[PDB]
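**Student:** Provided below: my_file.pdb, containing PDB, C-alpha atoms.
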MODEL        1
ATOM      1  CA  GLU A  14      -8.283  -8.635  -8.149  1.00  0.00           C
ATOM      2  CA  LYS A  15      -6.892  -7.734  -4.736  1.00  0.00           C
ATOM      3  CA  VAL A  16      -3.865  -8.815  -2.679  1.00  0.00           C
ATOM      4  CA  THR A  17      -2.936  -7.566   0.812  1.00  0.00           C
ATOM      5  CA  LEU A  18       0.283  -7.808   2.850  1.00  0.00           C
ATOM      6  CA  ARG A  19       0.408  -7.017   6.567  1.00  0.00           C
ATOM      7  CA  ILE A  20       3.496  -7.018   8.781  1.00  0.00           C
ATOM      8  CA  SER A  21       3.048  -6.813  12.542  1.00  0.00           C
ATOM      9  CA  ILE A  22       3.766  -8.011  16.030  1.00  0.00           C
ATOM     10  CA  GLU A  23       1.182 -10.753  16.562  1.00  0.00           C
ATOM     11  CA  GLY A  24      -1.975  -9.404  18.177  1.00  0.00           C
ATOM     12  CA  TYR A  25      -1.410  -5.740  17.376  1.00  0.00           C
ATOM     13  CA  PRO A  26      -2.296  -3.459  14.426  1.00  0.00           C
ATOM     14  CA  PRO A  27       0.131  -3.750  11.467  1.00  0.00           C
ATOM     15  CA  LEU A  28       3.365  -1.769  11.339  1.00  0.00           C
ATOM     16  CA  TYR A  29       3.076  -2.057   7.566  1.00  0.00           C
ATOM     17  CA  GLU A  30      -0.085  -2.517   5.501  1.00  0.00           C
ATOM     18  CA  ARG A  31      -0.424  -2.413   1.716  1.00  0.00           C
ATOM     19  CA  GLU A  32      -2.833  -3.766  -0.874  1.00  0.00           C
ATOM     20  CA  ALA A  33      -1.899  -4.572  -4.458  1.00  0.00           C
ATOM     21  CA  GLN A  34      -4.609  -3.809  -7.008  1.00  0.00           C
ATOM     22  CA  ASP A  39      -1.844  -5.577 -16.379  1.00  0.00           C
ATOM     23  CA  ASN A  40      -0.297  -2.615 -14.524  1.00  0.00           C
ATOM     24  CA  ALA A  41       2.693  -2.280 -12.193  1.00  0.00           C
ATOM     25  CA  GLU A  42       1.311  -3.680  -8.924  1.00  0.00           C
ATOM     26  CA  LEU A  43      -0.412  -6.684 -10.511  1.00  0.00           C
ATOM     27  CA  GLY A  44       0.722  -8.313 -13.738  1.00  0.00           C
ATOM     28  CA  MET A  45       0.887 -11.691 -15.433  1.00  0.00           C
ATOM     29  CA  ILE A  46       4.365 -13.152 -15.805  1.00  0.00           C
ATOM     30  CA  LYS A  47       6.240 -12.149 -18.951  1.00  0.00           C
ATOM     31  CA  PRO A  48       7.260 -15.085 -21.204  1.00  0.00           C
ATOM     32  CA  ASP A  49      10.925 -14.134 -20.776  1.00  0.00           C
ATOM     33  CA  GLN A  50      10.424 -14.198 -17.008  1.00  0.00           C
ATOM     34  CA  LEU A  51       8.707 -17.588 -17.146  1.00  0.00           C
ATOM     35  CA  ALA A  52      11.488 -18.987 -19.324  1.00  0.00           C
ATOM     36  CA  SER A  53      14.278 -17.574 -17.160  1.00  0.00           C
ATOM     37  CA  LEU A  54      12.575 -19.138 -14.150  1.00  0.00           C
ATOM     38  CA  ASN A  55      12.422 -22.522 -15.873  1.00  0.00           C
ATOM     39  CA  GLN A  56      16.046 -22.418 -17.032  1.00  0.00           C
ATOM     40  CA  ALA A  57      17.029 -21.548 -13.472  1.00  0.00           C
ATOM     41  CA  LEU A  58      15.150 -24.587 -12.171  1.00  0.00           C
ATOM     42  CA  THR A  59      16.350 -26.875 -14.970  1.00  0.00           C
ATOM     43  CA  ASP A  60      20.043 -26.009 -14.625  1.00  0.00           C
ATOM     44  CA  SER A  61      19.981 -26.165 -10.819  1.00  0.00           C
ATOM     45  CA  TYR A  62      21.187 -29.765 -10.520  1.00  0.00           C
ATOM     46  CA  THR A  63      24.718 -30.987  -9.849  1.00  0.00           C
ATOM     47  CA  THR A  64      25.661 -34.057 -11.884  1.00  0.00           C
ATOM     48  CA  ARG A  65      27.029 -36.172  -9.031  1.00  0.00           C
ATOM     49  CA  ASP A  66      24.118 -35.333  -6.749  1.00  0.00           C
ATOM     50  CA  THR A  67      21.239 -37.537  -7.880  1.00  0.00           C
ATOM     51  CA  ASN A  68      18.958 -35.867  -5.327  1.00  0.00           C
ATOM     52  CA  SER A  69      19.483 -32.432  -6.891  1.00  0.00           C
ATOM     53  CA  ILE A  70      18.389 -33.860 -10.233  1.00  0.00           C
ATOM     54  CA  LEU A  71      15.179 -35.180  -8.681  1.00  0.00           C
ATOM     55  CA  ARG A  72      14.541 -31.877  -6.907  1.00  0.00           C
ATOM     56  CA  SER A  73      15.160 -29.818 -10.052  1.00  0.00           C
ATOM     57  CA  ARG A  74      12.731 -31.975 -12.040  1.00  0.00           C
ATOM     58  CA  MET A  75       9.953 -31.832  -9.454  1.00  0.00           C
ATOM     59  CA  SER A  76      10.478 -28.075  -9.632  1.00  0.00           C
ATOM     60  CA  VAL A  77      10.454 -27.973 -13.440  1.00  0.00           C
ATOM     61  CA  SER A  78       7.228 -29.991 -13.683  1.00  0.00           C
ATOM     62  CA  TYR A  79       5.501 -28.145 -10.830  1.00  0.00           C
ATOM     63  CA  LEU A  80       6.028 -24.996 -12.880  1.00  0.00           C
ATOM     64  CA  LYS A  81       4.760 -26.754 -16.009  1.00  0.00           C
ATOM     65  CA  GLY A  82       1.411 -27.228 -14.266  1.00  0.00           C
ATOM     66  CA  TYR A  83       0.623 -23.538 -14.665  1.00  0.00           C
ATOM     67  CA  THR A  84      -0.174 -21.479 -17.730  1.00  0.00           C
ATOM     68  CA  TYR A  85       1.450 -18.047 -17.583  1.00  0.00           C
ATOM     69  CA  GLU A  86      -1.963 -16.434 -17.074  1.00  0.00           C
ATOM     70  CA  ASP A  87      -2.038 -18.294 -13.756  1.00  0.00           C
ATOM     71  CA  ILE A  88       1.255 -16.789 -12.627  1.00  0.00           C
ATOM     72  CA  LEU A  89       0.818 -13.362 -11.056  1.00  0.00           C
ATOM     73  CA  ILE A  90       3.661 -10.948 -10.373  1.00  0.00           C
ATOM     74  CA  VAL A  91       2.385  -9.278  -7.200  1.00  0.00           C
ATOM     75  CA  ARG A  92       4.177  -6.081  -6.203  1.00  0.00           C
ATOM     76  CA  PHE A  93       3.593  -4.263  -2.934  1.00  0.00           C
ATOM     77  CA  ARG A  94       4.676  -0.682  -2.576  1.00  0.00           C
ATOM     78  CA  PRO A  95       7.267  -0.590   0.221  1.00  0.00           C
ATOM     79  CA  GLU A  96       5.741   2.420   1.990  1.00  0.00           C
ATOM     80  CA  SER A  97       2.939   1.418   4.353  1.00  0.00           C
ATOM     81  CA  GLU A  98      -0.364   2.870   3.159  1.00  0.00           C
ATOM     82  CA  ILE A  99      -1.024   4.435   6.568  1.00  0.00           C
ATOM     83  CA  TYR A 100       1.003   6.436   9.118  1.00  0.00           C
ATOM     84  CA  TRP A 101       2.336   4.973  12.374  1.00  0.00           C
ATOM     85  CA  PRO A 102       1.499   5.350  15.106  1.00  0.00           C
ATOM     86  CA  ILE A 103      -2.159   6.524  15.237  1.00  0.00           C
ATOM     87  CA  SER A 104      -5.064   5.941  17.655  1.00  0.00           C
ATOM     88  CA  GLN A 105      -3.940   3.051  19.065  1.00  0.00           C
ATOM     89  CA  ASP A 106      -1.519   0.841  17.275  1.00  0.00           C
ATOM     90  CA  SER A 107      -0.676  -0.178  20.879  1.00  0.00           C
ATOM     91  CA  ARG A 108       2.838   1.278  20.745  1.00  0.00           C
ATOM     92  CA  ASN A 109       3.359   1.337  24.512  1.00  0.00           C
ATOM     93  CA  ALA A 110       1.688  -2.062  24.851  1.00  0.00           C
ATOM     94  CA  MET A 111       4.077  -3.557  22.293  1.00  0.00           C
ATOM     95  CA  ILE A 112       7.107  -1.871  23.860  1.00  0.00           C
ATOM     96  CA  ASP A 113       6.021  -3.109  27.281  1.00  0.00           C
ATOM     97  CA  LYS A 114       5.425  -6.671  26.079  1.00  0.00           C
ATOM     98  CA  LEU A 115       8.938  -6.863  24.612  1.00  0.00           C
ATOM     99  CA  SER A 116      10.275  -6.171  28.109  1.00  0.00           C
ATOM    100  CA  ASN A 118       7.598 -13.764  27.414  1.00  0.00           C
ATOM    101  CA  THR A 119       6.657 -15.244  24.050  1.00  0.00           C
ATOM    102  CA  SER A 120       6.260 -12.601  21.360  1.00  0.00           C
ATOM    103  CA  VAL A 121       5.941 -13.298  17.668  1.00  0.00           C
ATOM    104  CA  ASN A 122       6.579 -11.309  14.484  1.00  0.00           C
ATOM    105  CA  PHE A 123       3.748 -11.583  12.005  1.00  0.00           C
ATOM    106  CA  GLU A 124       3.008 -11.288   8.307  1.00  0.00           C
ATOM    107  CA  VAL A 125      -0.178 -12.067   6.404  1.00  0.00           C
ATOM    108  CA  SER A 126      -0.852 -12.511   2.717  1.00  0.00           C
ATOM    109  CA  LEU A 127      -4.436 -12.134   1.555  1.00  0.00           C
ATOM    110  CA  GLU A 128      -5.532 -12.900  -1.994  1.00  0.00           C
ATOM    111  CA  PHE A 129      -8.859 -11.780  -3.466  1.00  0.00           C
ATOM    112  CA  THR A 130      -9.787 -13.089  -6.917  1.00  0.00           C
ATOM    113  CA  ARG A 131     -12.384 -11.642  -9.305  1.00  0.00           C
ATOM    114  CA  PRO A 132     -15.781 -13.288  -9.952  1.00  0.00           C
ATOM    115  CA  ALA A 139     -14.472 -20.984  -6.420  1.00  0.00           C
ATOM    116  CA  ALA A 140     -14.081 -19.185  -3.098  1.00  0.00           C
ATOM    117  CA  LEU A 141     -13.020 -15.543  -3.250  1.00  0.00           C
ATOM    118  CA  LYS A 142     -10.661 -15.221  -0.287  1.00  0.00           C
ATOM    119  CA  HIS A 143      -7.477 -17.157   0.521  1.00  0.00           C
ATOM    120  CA  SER A 144      -4.987 -16.251   3.249  1.00  0.00           C
ATOM    121  CA  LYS A 145      -2.022 -17.354   5.333  1.00  0.00           C
ATOM    122  CA  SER A 146      -0.201 -15.958   8.343  1.00  0.00           C
ATOM    123  CA  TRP A 147       3.457 -16.580   9.130  1.00  0.00           C
ATOM    124  CA  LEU A 148       4.631 -16.360  12.714  1.00  0.00           C
ATOM    125  CA  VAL A 149       8.269 -15.707  13.606  1.00  0.00           C
ATOM    126  CA  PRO A 150       9.166 -16.085  17.314  1.00  0.00           C
ATOM    127  CA  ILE A 151      11.129 -13.115  18.625  1.00  0.00           C
ATOM    128  CA  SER A 152      14.150 -14.340  20.589  1.00  0.00           C
ATOM    129  CA  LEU A 153      14.095 -14.070  24.383  1.00  0.00           C
ATOM    130  CA  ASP A 154      17.445 -12.312  24.133  1.00  0.00           C
ATOM    131  CA  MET A 155      16.846  -8.850  25.592  1.00  0.00           C
ATOM    132  CA  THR A 156      19.761  -7.558  23.519  1.00  0.00           C
ATOM    133  CA  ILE A 157      17.693  -7.995  20.361  1.00  0.00           C
ATOM    134  CA  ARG A 158      14.372  -7.040  21.981  1.00  0.00           C
ATOM    135  CA  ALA A 159      15.893  -3.736  23.080  1.00  0.00           C
ATOM    136  CA  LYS A 160      16.637  -2.689  19.500  1.00  0.00           C
ATOM    137  CA  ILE A 161      13.070  -3.490  18.430  1.00  0.00           C
ATOM    138  CA  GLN A 162      11.804  -1.422  21.356  1.00  0.00           C
ATOM    139  CA  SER A 163      13.740   1.758  20.548  1.00  0.00           C
ATOM    140  CA  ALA A 164      12.664   1.250  16.937  1.00  0.00           C
ATOM    141  CA  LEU A 165       9.040   1.328  18.083  1.00  0.00           C
ATOM    142  CA  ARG A 166      10.044   4.347  20.170  1.00  0.00           C
ATOM    143  CA  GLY A 167      10.693   6.252  16.949  1.00  0.00           C
ATOM    144  CA  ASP A 168      14.474   6.291  17.317  1.00  0.00           C
ATOM    145  CA  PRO A 169      15.896   6.854  13.800  1.00  0.00           C
ATOM    146  CA  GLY A 170      18.440   4.468  12.295  1.00  0.00           C
ATOM    147  CA  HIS A 171      16.881   1.560  14.165  1.00  0.00           C
ATOM    148  CA  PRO A 172      15.481  -1.103  11.797  1.00  0.00           C
ATOM    149  CA  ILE A 173      13.268  -4.065  12.648  1.00  0.00           C
ATOM    150  CA  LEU A 174      14.737  -7.270  11.240  1.00  0.00           C
ATOM    151  CA  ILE A 175      12.316 -10.129  10.586  1.00  0.00           C
ATOM    152  CA  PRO A 176      14.288 -13.074   9.093  1.00  0.00           C
ATOM    153  CA  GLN A 177      12.813 -15.934   7.016  1.00  0.00           C
ATOM    154  CA  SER A 178       9.383 -14.341   7.213  1.00  0.00           C
ATOM    155  CA  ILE A 179       8.027 -13.939   3.682  1.00  0.00           C
ATOM    156  CA  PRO A 180       8.072 -16.253   0.633  1.00  0.00           C
ATOM    157  CA  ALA A 181       9.035 -14.916  -2.799  1.00  0.00           C
ATOM    158  CA  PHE A 182       6.755 -17.600  -4.227  1.00  0.00           C
ATOM    159  CA  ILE A 183       3.252 -18.499  -3.052  1.00  0.00           C
ATOM    160  CA  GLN A 184       0.523 -20.825  -4.330  1.00  0.00           C
ATOM    161  CA  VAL A 185      -3.172 -19.908  -4.395  1.00  0.00           C
ATOM    162  CA  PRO A 186      -5.593 -22.882  -4.333  1.00  0.00           C
ATOM    163  CA  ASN A 187      -9.351 -23.083  -4.904  1.00  0.00           C
ATOM    164  CA  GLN A 188      -9.492 -24.571  -1.427  1.00  0.00           C
ATOM    165  CA  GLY A 189      -9.010 -22.582   1.769  1.00  0.00           C
ATOM    166  CA  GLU A 190      -5.598 -21.230   2.694  1.00  0.00           C
ATOM    167  CA  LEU A 191      -2.429 -20.352   0.770  1.00  0.00           C
ATOM    168  CA  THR A 192       0.196 -23.068   0.348  1.00  0.00           C
ATOM    169  CA  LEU A 193       3.901 -23.253  -0.496  1.00  0.00           C
ATOM    170  CA  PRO A 194       5.520 -24.440  -3.709  1.00  0.00           C
ATOM    171  CA  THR A 195       7.583 -26.945  -1.715  1.00  0.00           C
ATOM    172  CA  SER A 196       9.540 -28.377  -4.645  1.00  0.00           C
ATOM    173  CA  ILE A 197      10.715 -24.888  -5.648  1.00  0.00           C
ATOM    174  CA  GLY A 198      11.466 -24.197  -1.983  1.00  0.00           C
ATOM    175  CA  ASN A 199      13.685 -27.284  -1.969  1.00  0.00           C
ATOM    176  CA  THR A 200      15.538 -26.184  -5.107  1.00  0.00           C
ATOM    177  CA  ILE A 201      16.295 -22.889  -3.369  1.00  0.00           C
ATOM    178  CA  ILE A 202      17.445 -24.627  -0.170  1.00  0.00           C
ATOM    179  CA  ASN A 203      19.875 -27.175  -1.603  1.00  0.00           C
ATOM    180  CA  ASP A 204      20.521 -26.070  -5.170  1.00  0.00           C
ATOM    181  CA  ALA A 220       8.585 -21.045   8.152  1.00  0.00           C
ATOM    182  CA  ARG A 221      11.379 -22.409   5.968  1.00  0.00           C
ATOM    183  CA  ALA A 222      14.951 -21.437   5.139  1.00  0.00           C
ATOM    184  CA  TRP A 223      14.151 -20.226   1.614  1.00  0.00           C
ATOM    185  CA  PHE A 224      11.886 -17.404   2.809  1.00  0.00           C
ATOM    186  CA  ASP A 225      12.917 -13.802   2.212  1.00  0.00           C
ATOM    187  CA  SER A 226      13.826 -11.697   5.246  1.00  0.00           C
ATOM    188  CA  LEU A 227      11.982  -8.439   5.929  1.00  0.00           C
ATOM    189  CA  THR A 228      13.393  -5.164   7.229  1.00  0.00           C
ATOM    190  CA  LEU A 229      11.222  -2.356   8.572  1.00  0.00           C
ATOM    191  CA  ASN A 230      12.383   1.262   8.774  1.00  0.00           C
ATOM    192  CA  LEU A 231      10.473   4.211  10.328  1.00  0.00           C
ATOM    193  CA  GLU A 232      11.548   6.838   7.763  1.00  0.00           C
ATOM    194  CA  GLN A 233      10.819  10.548   8.518  1.00  0.00           C
ATOM    195  CA  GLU A 239       3.605  12.224   9.228  1.00  0.00           C
ATOM    196  CA  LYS A 240       5.333   8.937   9.532  1.00  0.00           C
ATOM    197  CA  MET A 241       5.159   5.448   8.064  1.00  0.00           C
ATOM    198  CA  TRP A 242       7.084   2.158   8.191  1.00  0.00           C
ATOM    199  CA  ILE A 243       8.892   1.188   4.980  1.00  0.00           C
ATOM    200  CA  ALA A 244       9.649  -2.413   4.059  1.00  0.00           C
ATOM    201  CA  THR A 245      12.542  -3.934   2.149  1.00  0.00           C
ATOM    202  CA  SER A 246      13.176  -7.643   1.658  1.00  0.00           C
ATOM    203  CA  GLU A 247      16.210  -9.768   0.834  1.00  0.00           C
ATOM    204  CA  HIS A 248      16.511 -13.310  -0.485  1.00  0.00           C
ATOM    205  CA  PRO A 249      18.408 -16.029   1.354  1.00  0.00           C
ATOM    206  CA  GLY A 250      21.815 -16.426  -0.275  1.00  0.00           C
ATOM    207  CA  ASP A 251      22.695 -14.347  -3.329  1.00  0.00           C
ATOM    208  CA  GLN A 252      20.277 -11.598  -4.381  1.00  0.00           C
ATOM    209  CA  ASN A 253      21.403 -12.099  -7.972  1.00  0.00           C
ATOM    210  CA  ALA A 254      20.358 -15.760  -8.152  1.00  0.00           C
ATOM    211  CA  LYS A 255      18.602 -16.400 -11.458  1.00  0.00           C
ATOM    212  CA  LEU A 256      15.761 -18.295  -9.766  1.00  0.00           C
ATOM    213  CA  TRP A 257      14.431 -15.002  -8.424  1.00  0.00           C
ATOM    214  CA  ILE A 258      12.262 -12.926 -10.720  1.00  0.00           C
ATOM    215  CA  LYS A 259      13.890  -9.554 -10.090  1.00  0.00           C
ATOM    216  CA  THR A 260      11.605  -6.874  -8.672  1.00  0.00           C
ATOM    217  CA  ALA A 261      11.271  -3.350 -10.044  1.00  0.00           C
ATOM    218  CA  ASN A 262      11.505   0.092  -8.473  1.00  0.00           C
ATOM    219  CA  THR A 263       8.515   2.394  -8.094  1.00  0.00           C
ATOM    220  CA  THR A 264       8.245   5.419 -10.362  1.00  0.00           C
ATOM    221  CA  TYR A 265       6.917   7.667  -7.614  1.00  0.00           C
ATOM    222  CA  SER A 266       9.538   7.002  -4.912  1.00  0.00           C
ATOM    223  CA  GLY A 267      12.410   5.042  -6.452  1.00  0.00           C
ATOM    224  CA  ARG A 268      12.087   2.308  -3.836  1.00  0.00           C
ATOM    225  CA  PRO A 269      12.001  -1.446  -4.547  1.00  0.00           C
ATOM    226  CA  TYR A 270       8.593  -3.104  -4.687  1.00  0.00           C
ATOM    227  CA  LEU A 271       8.141  -5.940  -2.257  1.00  0.00           C
ATOM    228  CA  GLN A 272       7.319  -8.833  -4.563  1.00  0.00           C
ATOM    229  CA  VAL A 273       5.471 -12.131  -4.375  1.00  0.00           C
ATOM    230  CA  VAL A 274       5.067 -14.476  -7.328  1.00  0.00           C
ATOM    231  CA  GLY A 275       1.736 -16.276  -7.110  1.00  0.00           C
ATOM    232  CA  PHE A 276       0.842 -19.591  -8.710  1.00  0.00           C
ATOM    233  CA  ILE A 277      -2.943 -19.646  -9.064  1.00  0.00           C
ATOM    234  CA  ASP A 278      -4.817 -22.962  -9.151  1.00  0.00           C
ATOM    235  CA  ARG A 279      -7.685 -22.803 -11.642  1.00  0.00           C
TER     236      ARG A 279
ENDMDL
END
Rewrite the structure from the file as C-alpha cells, please.

**Tutor:**
Amino acid sequence: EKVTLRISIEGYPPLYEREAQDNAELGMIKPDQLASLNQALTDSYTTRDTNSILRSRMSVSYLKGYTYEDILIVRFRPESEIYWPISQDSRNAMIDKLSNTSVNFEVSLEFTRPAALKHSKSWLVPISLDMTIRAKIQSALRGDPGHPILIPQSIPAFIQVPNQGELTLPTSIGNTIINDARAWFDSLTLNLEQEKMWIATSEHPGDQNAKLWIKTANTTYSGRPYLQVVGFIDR
C-alpha cells in the first residue's frame, strides 16, 4: 500500500517529494484515537446554535460509516526524499516566473493493494501578485537560509479515498472544523535546511491542540514531526 505527497510550484518538479509505505508511516487508527475523534465531533456543538448540532451529527455519522480498518493514519517524513536542486528542477525558471499567475501545488496519491488501484487529487493555491511576498519565495529558491516558503490552506488533515476516480473531502468534518481549497486545510511551510533538501512542517487552522486533530508523532531518526493525513477508505 503506497501513498505519495508532492509539494511544488505548479508545472515544475516538486520541492518536496515523499512516499509513505502496521508500521510508523502507515497504520490503522488506534481505537483510542478513533474514540477521541468521535468525542471531539460529538461534543463540538453549542446548545443555542441549532446548526452546530446538525453539523456535529453529520460529522459523527460520517465517521460511523467507516470501520477502523478503513481509517489509515498516513505519515510522511518531513525531509524530502531527494535533494534540491538537481538537473533541472527549473530553479531559475521558477525564480524568473515569480518576477503573472503562479500557483503553489500539492498532490496526494493513494495506491491500494490488490476496484481501481490509483486515486489522486491536486490542490492549487494562487500565489499573490504582491511582489513583496514573491520576493521572499524567490530568495528562498535562491538558497538563502532562514527564508521559508509559506503555503497556507494547502493540505487537508483528513482525506477520503473512494473506489471511484479522485480523492474527495470529508465535508461534514470540514464544516465542524470551520464553525465548531477550504479554510480548514492545514498550512504548509517549506525550509531549505543545510547535499540539500526541502523540509516540510504543517500547522492546523486555529489551535494546534484541538482535540479533533489526531496528533502526529515525531520520527525516531531525525526527531522531526511527521506530516500526517488521516484517510477514510471507501470499501

**Student:** Determine the residue set returned by the PyMOL selection byres ((chain A and resi 271-276) around 9) for the present structure, and present it as a PyMOL selection string.

**Tutor:** chain A and resi 46+80+83+87-95+179-186+194+244-246+258-261+269-270+277-278

**Student:** Would you mind exporting the chosen residues as a JSON list (two decimals), in the coordinates of the input, restricted to C-alpha atoms?

**Tutor:**
[["chain", "number", "residue", "atom", "x", "y", "z"],
["A", 46, "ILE", "CA", 4.36, -13.15, -15.80],
["A", 80, "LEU", "CA", 6.03, -25.00, -12.88],
["A", 83, "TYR", "CA", 0.62, -23.54, -14.66],
["A", 87, "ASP", "CA", -2.04, -18.29, -13.76],
["A", 88, "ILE", "CA", 1.25, -16.79, -12.63],
["A", 89, "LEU", "CA", 0.82, -13.36, -11.06],
["A", 90, "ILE", "CA", 3.66, -10.95, -10.37],
["A", 91, "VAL", "CA", 2.38, -9.28, -7.20],
["A", 92, "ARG", "CA", 4.18, -6.08, -6.20],
["A", 93, "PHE", "CA", 3.59, -4.26, -2.93],
["A", 94, "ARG", "CA", 4.68, -0.68, -2.58],
["A", 95, "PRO", "CA", 7.27, -0.59, 0.22],
["A", 179, "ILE", "CA", 8.03, -13.94, 3.68],
["A", 180, "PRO", "CA", 8.07, -16.25, 0.63],
["A", 181, "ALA", "CA", 9.04, -14.92, -2.80],
["A", 182, "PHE", "CA", 6.76, -17.60, -4.23],
["A", 183, "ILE", "CA", 3.25, -18.50, -3.05],
["A", 184, "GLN", "CA", 0.52, -20.82, -4.33],
["A", 185, "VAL", "CA", -3.17, -19.91, -4.39],
["A", 186, "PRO", "CA", -5.59, -22.88, -4.33],
["A", 194, "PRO", "CA", 5.52, -24.44, -3.71],
["A", 244, "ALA", "CA", 9.65, -2.41, 4.06],
["A", 245, "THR", "CA", 12.54, -3.93, 2.15],
["A", 246, "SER", "CA", 13.18, -7.64, 1.66],
["A", 258, "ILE", "CA", 12.26, -12.93, -10.72],
["A", 259, "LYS", "CA", 13.89, -9.55, -10.09],
["A", 260, "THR", "CA", 11.60, -6.87, -8.67],
["A", 261, "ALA", "CA", 11.27, -3.35, -10.04],
["A", 269, "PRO", "CA", 12.00, -1.45, -4.55],
["A", 270, "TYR", "CA", 8.59, -3.10, -4.69],
["A", 277, "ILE", "CA", -2.94, -19.65, -9.06],
["A", 278, "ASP", "CA", -4.82, -22.96, -9.15]]

**Student:** Which residues match the PyMOL selection byres ((chain A and resi 48-61) around 8) in the file above, as JSON, numbers by chain?

**Tutor:** {"A": [46, 47, 62, 63, 69, 70, 73, 74, 76, 77, 80, 85, 197, 200, 204, 255, 256, 257, 258]}

**Student:** Which of these, A:101, A:177, A:43, A:86, has the shortest distance to residue 221 (chain A) once you count all atoms listed in the file?

**Tutor:**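 The shortest atom-to-atom distance to residue 221 (chain A) comes from A:177.
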
**Student:** Would you mind listing what lies within 9 Å of residue 15 (chain A) as a VMD selection string, with only C-alpha atoms counted and same-chain residues fewer than 2 positions away left out?

**Tutor:** chain A and resid 17 32 to 34 43 127 to 131

**Student:** Given only C-alpha atoms as the basis, pick out the residue of A:156, A:242, A:247, A:267 nearest to residue 96 (chain A).

**Tutor:**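 Smallest separation from residue 96 (chain A) among the options: A:242.
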
**Student:** Using the file's own x, y and z axes, what box holds all listed atoms of region 58-63 of chain A with 6 Å on each side, keeping edges along x, y and z, and what are its centre and edge lengths in Å to one decimal, as lines of an AutoDock Vina configuration file?

**Tutor:**
center_x = 19.9
center_y = -27.8
center_z = -12.4
size_x = 21.6
size_y = 18.4
size_z = 17.1

**Student:** Provide the CA of residue 229 (chain A) to CA of residue 174 (chain A) distance in Å, to one decimal place.

**Tutor:**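 CA of residue 174 (chain A) lies 6.6 Å from CA of residue 229 (chain A).
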
**Student:** Between A:16, A:140, A:193, A:99, which is the closest to residue 28 (chain A) once you count all atoms listed in the file?

**Tutor:** A:99

**Student:** Looking at A:189, A:172, A:167, A:24, which one is nearest to residue 243 (chain A), with distances taken over only C-alpha atoms?

**Tutor:**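 With only C-alpha atoms as the atom set, the closest residue is A:172.
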
**Student:** Go through A:188, A:118, A:126, A:78 one by one, measure the shortest atom-to-atom distance of each to residue 151 (chain A) using all atoms listed in the file, and give the residue with the smallest value.

**Tutor:**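 Between A:188, A:118, A:126, A:78, the residue approaching residue 151 (chain A) most closely is A:118.
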
**Student:** Could you please determine the separation between CA of residue 161 (chain A) and CA of residue 104 (chain A) in Å, to one decimal place?

**Tutor:**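 About the pair CA of residue 161 (chain A) and CA of residue 104 (chain A): they are 20.5 Å apart.
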
**Student:** Which of these residues is nearest to residue 84 (chain A), using all atoms listed in the file: A:142, A:121, A:279, A:20?

**Tutor:**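 Using all atoms listed in the file, residue 84 (chain A) sits closest to A:279.
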
**Student:** Given the file above and the PyMOL selection byres ((chain A and resi 239) around 9), which residues are selected, and can you give them as number ranges by chain?

**Tutor:** A: 100-101, 233, 240-241

**Student:** Can you measure CA of residue 124 (chain A) to CA of residue 222 (chain A) for me? One decimal in Å is fine.

**Tutor:**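 Distance between the two atoms: 16.0 Å.
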